[PDB]
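K.L.:
Experimental structure and its sequence below.
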Amino acid sequence: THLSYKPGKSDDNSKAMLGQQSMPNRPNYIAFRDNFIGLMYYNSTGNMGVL
Amino acid sequence: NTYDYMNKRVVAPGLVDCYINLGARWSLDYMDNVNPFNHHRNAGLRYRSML
Amino acid sequence: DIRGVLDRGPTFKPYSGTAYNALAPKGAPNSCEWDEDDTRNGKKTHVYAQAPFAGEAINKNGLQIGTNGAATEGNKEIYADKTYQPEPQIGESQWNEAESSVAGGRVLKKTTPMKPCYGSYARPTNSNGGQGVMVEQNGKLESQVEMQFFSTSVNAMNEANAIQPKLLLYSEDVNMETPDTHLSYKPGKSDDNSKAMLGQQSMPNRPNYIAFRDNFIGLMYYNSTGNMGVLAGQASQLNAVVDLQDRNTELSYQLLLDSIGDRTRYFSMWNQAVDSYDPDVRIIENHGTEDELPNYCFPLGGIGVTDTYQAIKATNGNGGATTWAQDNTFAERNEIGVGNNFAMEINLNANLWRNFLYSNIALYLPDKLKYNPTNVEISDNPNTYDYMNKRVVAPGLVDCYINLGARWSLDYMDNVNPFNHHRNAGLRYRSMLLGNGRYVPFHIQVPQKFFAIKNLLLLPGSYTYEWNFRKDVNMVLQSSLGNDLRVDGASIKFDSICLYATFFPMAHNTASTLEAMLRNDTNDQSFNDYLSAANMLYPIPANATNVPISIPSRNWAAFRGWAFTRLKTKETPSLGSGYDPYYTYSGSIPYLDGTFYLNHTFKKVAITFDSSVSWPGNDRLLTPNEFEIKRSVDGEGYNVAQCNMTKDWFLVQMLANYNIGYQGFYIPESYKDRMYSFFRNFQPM
Amino acid sequence: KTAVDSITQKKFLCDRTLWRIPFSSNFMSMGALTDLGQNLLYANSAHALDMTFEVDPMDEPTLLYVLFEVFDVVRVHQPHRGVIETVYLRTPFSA
Amino acid sequence: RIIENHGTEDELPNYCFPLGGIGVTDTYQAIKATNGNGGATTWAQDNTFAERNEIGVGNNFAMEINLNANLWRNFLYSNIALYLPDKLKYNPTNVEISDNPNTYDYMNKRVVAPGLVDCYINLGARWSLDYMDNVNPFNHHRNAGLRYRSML
Amino acid sequence: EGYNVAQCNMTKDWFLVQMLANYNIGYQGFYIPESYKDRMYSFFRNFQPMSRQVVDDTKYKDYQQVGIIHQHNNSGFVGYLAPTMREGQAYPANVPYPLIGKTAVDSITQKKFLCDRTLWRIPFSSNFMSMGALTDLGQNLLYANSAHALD
Amino acid sequence: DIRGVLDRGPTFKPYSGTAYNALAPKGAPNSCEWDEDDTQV
Ligand SMILES: [Ca+2]
Ligand SMILES: [Ca+2]
């Protein structure tokens, strides 16, 4: 979470700070692409494969 | 580009609410040019990332 | 190809629920003030409101909110503008936010009516959102908002001019409208703003879509001897299209389009979207809800009550008995609770199920189970929109307990035409195609549906091609509820109509060869309509269970068979005639797009040639001389398929549809069994 | 444990169809022009038809929708340039 | 069969209100403004306004509640929690229970702690619980065919 | 608008070209192409028209443009320009404009479509059909015995 | 057929909302005690 409303500036404990609140961070997944696209070079004169 | 900038820029709820373009099956003009696949609802990306 | 302008009238609401302040409670009124008899007699005025905004100080100018530090008069003050300040919605920040000194707010005037916050609108009147009405003085528009200072009531106890101010309310005037909601509990007949009127409630009006029918049915005159079309050779001065009042074209095109393709997908060009209905609205799979856990709200700040307390450091005893004392390290007055924090409570799921079960079934019950309202004027015309909007239907009829745990449909709801609804997905799609407003300029393409020239390959020449179109407003359109449309005044005007056609860039000589080859006598064109049936309609007076029909002597060469069904007279225009004035229903004709529901309302049928020789012939059927469709419970040995029907009628239907039945039944293949079939649309309960 | 005594009801729904009875002698469909349609009995003589219906009562006026099934065919001929002629046949219930 | 937990979408608190809309209340009284001649400002009491009016100040009384989350828990519970293996349960307190470990009474009157499965069990992972695999998943009221046959 | 079609804004010519180049339907009257010829990356599986109406700004005599900051609906029950604790007081709402009922406003209509997830095609045929893996015009002599520049 | 070790950084979060006291009202703080300066000293 990250504080979605911070009334004060200094983080010191104070009477007002009993009013701060929160909000969950947005989700983002991360994985391997479809069909591993890009995992294998192609189409580039630099690193041509060999059979 | 990093995460926190995308996580802490806040946007007013009022821009979209249950009184938007009522009755009309329709897409928001700001959203006809934003890649609709970099979007967390995506089933394939979700499945791959869980796997 | 047609271009025109459509107006859908005043009675078109395309959404369930309302739009304005929908979160506010359905009995909460806005800030206002009304008049009470003095207690001549100087009638007094009472105020119900609150002041959310917090400011600095109050003087005879108003409430000060700014401080221009570099002002010419030192630190001159900045008072809120009376036209839009203070904003209605600006409030506090934190859940505690201890009270300020002064405060301000907005409040209506006694002149305008009072309506609950749920469903309240008033158009703005300045660039910054002001709602105060304007008045022309000296030829220029000016405002009328006027302060209303206020102050403690403790006034009532000691002290004097020490009376200082402590809450300025700004007060004005609006042009309040309630476009899509109506009153559901009005306590008094009179309208003068009482004390009790602060508790009136409002609810929204049933959604009601209006759009073009499927495949643009009704837009072109077919089967009308008065206004038959024409496609003929120009010089011929002789016709080439003939028609009778029985060739029922539109249903035939419906069925043909069913046969050679799928239907559960939509094509925008011809409005191809058949009208479904949710399988759970018609038939209820009610088995309660999952609520083993209780739900519970909580105090915005977590703990609700409290109880000051005092630190007591343990200045322990001396020798024996343990004494105590006080400490000065801590504070002196502390907030502390005891026990479980105060909490409210709600059952979640059952509320959602109950809301849905009321809203999607109960409002459509047959009219004879509803009761007029109190203290609201309701139209005396039992077809218009208002009547259907304002009757009251007891929620106790349908709720969580009805037919619990059983799969069933209510006997009241069997004969209600279930394609007139608002979850009929095809209707929603079509109504959204045009747009959600009420003034619509449109641009459409209509097919040609008469079979005898539907596919004919024309050959070179000059032809006269001409046709007629309807201007009626309940034929070419269709509602969602079934209300008339001439009453409510929705109009439609055709401006330009142009004709398009496509060719093939065939090679010259090849086309010449084909033309010469096809002009010969012996290779002409043959065409056959899909339905290939007659049409007979016979009246059925109310509360009768017997219909005889006789056909006089005639020959029957090359017959095929009988099809039949039943229809409601209120939902069927007269044939042939170009305009049926006695027609006052704009729902969905079954006779013109194939939507039948009365099929279960039959008992049996019997046939005879020359009044003495029955025709199942020769004792084939289990009953002697009659097709026993359905038996009542007395049929101790012939009910089949765990339901009402008899075996033999089941056998006859299964044969005639799928050629199954002489070797044990089973589920016929997919592609052999289409949407309008038998087995796709069979439900025992 | 305390269930009251009860009786049982049953009924079916047949939304969105037609009821069919074809003119075979075995209730099958073995080709469009059915066998009984050309038998000598029903093609070279006259006959009179009587149908009797028993239904379930209602409250508003209604219509019985009967569909006799026959053939409807059209032959279209066009000898010269820009002249088209046709002929129709609708067997019994003819024009 | 497979618990596929993504959390729930809740970025807005959902609040409930007072049946009337305005919170507490405090009597108040109207005043006017006879000029403060040569001096500050007077402050009298006008007679046109009846001298007991209702008014709240600041915001209004309100209570909070988390709709989506609450629904999800109900769910997981009612649909996965109860069917756990017998050995993960304890007898209830001060109520009779038949000793025959098969009949309905025993099958019902036991209690299973909703702490074992929560809104955070294996959160974010497509997975299935160890105790559940070797327990039949066709004996379950979420069944379709069994429901259809029971209702028929 | 004399040429647009399918209740959208796409000229008839482009619709004809697309339908022919994809499924060779278009010389016998249009209809929904069959399933197996219409896969995921097809055209007709990725074509959606849409339209709406909004409030005109030159005929509604009492039009008053309103910024975001001064817009209030559901006031006193929601936040102010953020997802935080509720603020404010009850009041009639200022502006979602009305479009239905006895009190409509002068409105205009807008139309557009969405066709993501496919390529726009043009076949190099004489009459835009798929008559063979090698088109006919590619064999036409004038294109196979000289050179030409393209623009 | 490859094998390796993958690290998705610190910005990896596969769920909407959170898992820590999800029901608790957003505003409320937990038990605490802070300091103030008494000006009457
Ligand atoms: Ca009080
Ligand atoms: Ca008081």
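P.N.:
Thanks, I have the structure now. Numbering: from 1, shown residues only, chains lettered A, B, ... in the order given. Ligands and ions are numbered 1, 2, ... in the order given.

K.L.:
Within range of chain E, give me the residues from chain A.
P.N.:
Within chain A, the residues that sit near chain E (Cβ under 8 Å from any Cβ of the partner chain) are A:23-24, A:27. For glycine as for every other residue, the C-beta is placed from the backbone atoms N, C-alpha and C.

K.L.:
so residue A:19 touches residue G:27, yeah?
P.N.:
Yes. Counting by Cβ atoms under 8 Å, residue A:19 touches residue G:27, with 6.6 Å between them.

K.L.:
Now for the two: what residues contact both?
P.N.:
C:94-95 (Cβ atoms under 8 Å, 6 or more residues apart in numbering or on different chains).

K.L.:
Please name the nearest non-neighbouring residue to the residue in chain G that chain D sits nearest to.
P.N.:
Residue of chain G nearest chain D, by Cβ to the nearest Cβ: residue G:23 (37.6 Å). Leaving aside its sequence neighbours, residue G:23 sits nearest to residue E:66 (Cβ to Cβ, 6 or more residues apart in numbering or on different chains; 5.7 Å).

K.L.:
quick one: that neighbour and residue E:119 touch, right?
P.N.:
No. Counting by Cβ under 8 Å, residue E:66 does not reach residue E:119; the two are 10.0 Å apart.

K.L.:
Do a quick rundown of the strands in chain D.
P.N.:
D:12-13, D:19-22, D:47-55, D:62-69, D:72-77, D:85-90 (DSSP state E).

K.L.:
between the fourth one and strand D:47-55, what angle do the directions make?
P.N.:
By that I understand strand D:62-69. Interaxial angle, strand D:62-69 versus strand D:47-55 (axes from the mean of the first three to the mean of the last three Cα atoms, to 10 degrees): 140 degrees.

K.L.:
do the fifth one as well
P.N.:
In terms of direction (the same axes, to 10 degrees), strand D:72-77 departs from strand D:47-55 by 130 degrees.

K.L.:
just how off-centre is strand D:72-77 within its chain?
P.N.:
Its chain's C-alpha centre lies 22 Å from the corresponding centre of strand D:72-77 when counted by Cα atoms, centre = their mean, to the nearest Å.

K.L.:
So what are the sheet partners of it and their directions?
P.N.:
strand C:525-528 (antiparallel), strand D:85-90 (antiparallel) (DSSP bridges).

K.L.:
In contact with the residue positioned nearest the centre of chain G: list those residues for me.
P.N.:
Nearest residue to the geometric centre of chain G (Cα atoms, centre = their mean): residue G:20, 7.6 Å. Applying Cβ under 8 Å, 6+ apart to residue G:20 gives no contacts.

K.L.:
Residue numbers of chain G in contact with chain C?
P.N.:
Counting by Cβ under 8 Å from any Cβ, chain G sits next to chain C at G:24-25, G:27-29, G:36.

K.L.:
The closest residue to residue F:87 other than its chain neighbours: how many residues sit nearby?
P.N.:
Using Cβ to Cβ, 6+ apart and skipping residues adjacent in sequence, the residue nearest residue F:87 is residue C:91, 2.6 Å away. If you count neighbours by other Cβ atoms under 10 Å in any protein chain shown, residue C:91 ends up with 22.

K.L.:
How about chain D: which residue is closest to chain B?
P.N.:
Closest point on chain D to chain B, by Cβ to the nearest Cβ, is residue D:16, at 25.7 Å.

K.L.:
That residue against residue C:596, yeah?
P.N.:
Yes. When contacts are counted by Cβ under 8 Å, residue D:16 is listed as touching residue C:596 (6.1 Å).

K.L.:
sorry, back to before: tell me the one of the residues of chain A next to chain E nearest residue D:66?
P.N.:
residue A:27 (62.6 Å; Cβ to Cβ).

K.L.:
quick one: contacts for the closest one?
P.N.:
The contact partners of residue A:27, taken as Cβ under 8 Å, 6+ apart, are B:40, E:6-7, G:13-16.

K.L.:
Can you lay out the residues of chain G next to chain C as CSV showing secondary structure?
P.N.:
What follows is the residues of chain G next to chain C, written out as CSV (DSSP: H, G, I helix; E, B strand; the rest coil):
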residue, secondary structure
G:24, coil
G:25, coil
G:27, coil
G:28, coil
G:29, coil
G:36, coil
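
K.L.:
Any of these buried? List them.
P.N.:
Among these, those buried by neighbour count (16 or more other Cβ atoms under 10 Å in any protein chain shown) are G:25, G:27-28.

K.L.:
so which of the residues you listed are also by chain F?
P.N.:
residue G:27.

K.L.:
nearest to chain A, of the buried ones among the residues of chain G next to chain C?
P.N.:
residue G:27 (5.3 Å).

K.L.:
which residues does residue D:84 contact?
P.N.:
C:231-233, C:236, C:240, C:458, C:461, C:463, D:76-78.

K.L.:
Residue D:47 and residue C:608, how far apart?
P.N.:
In this view, residue D:47 and residue C:608 are 10 Å apart by Cβ to Cβ, to the nearest Å.

K.L.:
which residue is nearest the middle of chain A?
P.N.:
By Cα atoms, centre = their mean, the most central residue of chain A is residue A:28, 6.2 Å off.

K.L.:
so who does it touch?
P.N.:
Residue A:28 makes contacts with B:3, B:40, G:11-13, as judged by Cβ under 8 Å, 6+ apart.

K.L.:
switch to 10 Å and redo it
P.N.:
B:3, B:6-7, B:38, B:40, B:45, B:49, G:8, G:11-14 (Cβ atoms under 10 Å, 6 or more residues apart in numbering or on different chains).

K.L.:
repeat for residue A:21
P.N.:
Contacts of residue A:21 (Cβ under 10 Å, 6+ apart): A:1, A:3-6, C:94-95, E:13, F:83-85, G:25-29.

K.L.:
Between those, which sits nearest ligand 2?
P.N.:
residue C:95 (24.4 Å; Cβ to the ion).

K.L.:
now the closest one: how far from residue C:598?
P.N.:
In terms of Cβ to Cβ, residue C:95 sits 61 Å off from residue C:598.

K.L.:
Check which helix or strand residue G:2 maps to.
P.N.:
Assigned by DSSP states H and E, residue G:2 belongs to neither a helix nor a strand.

K.L.:
OK, contacts around it?
P.N.:
A:36, A:39.

K.L.:
any idea how far it is from chain C?
P.N.:
As for residue G:2, its distance to chain C is 43 Å (criterion: Cβ to the nearest Cβ, to the nearest Å).
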